[PDB]
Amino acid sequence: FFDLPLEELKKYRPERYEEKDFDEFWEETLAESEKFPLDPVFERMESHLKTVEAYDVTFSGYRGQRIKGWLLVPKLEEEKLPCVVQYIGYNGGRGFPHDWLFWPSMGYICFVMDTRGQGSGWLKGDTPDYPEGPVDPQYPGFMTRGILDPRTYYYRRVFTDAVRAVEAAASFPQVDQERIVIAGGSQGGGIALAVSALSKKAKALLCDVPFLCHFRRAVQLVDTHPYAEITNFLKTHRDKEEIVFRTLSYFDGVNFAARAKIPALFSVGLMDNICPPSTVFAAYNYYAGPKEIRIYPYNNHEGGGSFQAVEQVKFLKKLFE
């Protein structure tokens, strides 16, 4: 228990910081990227999978840039199926279709979005990043890539891909558009939280142990990666502190949470030192839609694991009845 006591966590509502043009920044970003056609492509694959049909996905994300994915369709006769749009944790990518069998096995179509430029830490990826011209001085990783301007920042492109990925999923004929879920843990949870505010097609949020939340507090509290990337950049670039935190304000899950309206199930680990409970609770507490949180007092960053997976299936069945 390195963070605030649970009774304080449940009341933790730090003063939010954002620029006055937060909404217009996102409006412009999305409008610019919408000028290129989504052009979603689903290509049925040869696979040894027998209970699922697998597709190779390509769609246009940030500024027409082509993003990879998987679509896994369980072989069921229902003609319209509910759908989970799955975002991936830091240093991961889309891997193989058989890495994402949970949701299909529970009767949901699953759209797995590949993460631009990552895919080299714990699960392979196939999608590149394409920067806004010059790749400024940065600390190794994705957290400080373009951090000196919100227009050049890595997560502007990732979040835009992620909103577009729900439009791609929704284009698939067998997808029931009234039951589109956005889902992620860690980095995937911060991605999903941004999508919960920016997407018009999402109907429910699953947000586990979310990353990209309350950056200023995260960086003071823990020296774990990946938050430590920001701290390290700041240790060197000692003149750049105000600019760093200004840029990060546009991407902070606490500021998106305050704008989100769809129902959400969160999870938190009270001993999580990658995504500290205070940062997760700041985002939960500001979350503006109907919401629940499952709290795991003795867990680190693994959170609720398979127990939470049961919670999520039960939560969505009840929500959509």
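In this text, residue numbers run from 1 along the sequence as written.
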Test of understanding: from the entry's C-alpha B-factors, which stretch has the higher mean, 293-301 or 8-16?
8-16
Mean Cα B-factor check, 86-94 vs 238-246, entry values; winner is 238-246
Going by the deposited entry, which of 179, 225, 145, 157 has the highest CA temperature factor?
179
In this crystal structure's PDB entry, the residue among 274, 283, 57, 45 with the greatest CA B factor is 45
Third of chain Cα B-factors occupied by residue 105
middle
Third of chain Cα B-factors occupied by residue 256
middle
Looking at the C-alpha B-factor of residue 133, is it in the lowest, middle or highest third of its chain?
highest
Classify residue 309 as lowest, middle or highest third according to the C-alpha B-factor given in the PDB entry, relative to its own chain.
lowest
When the modelled residues of the chain are sorted by Cα temperature factor, does residue 173 land in the lowest, middle or highest third?
highest
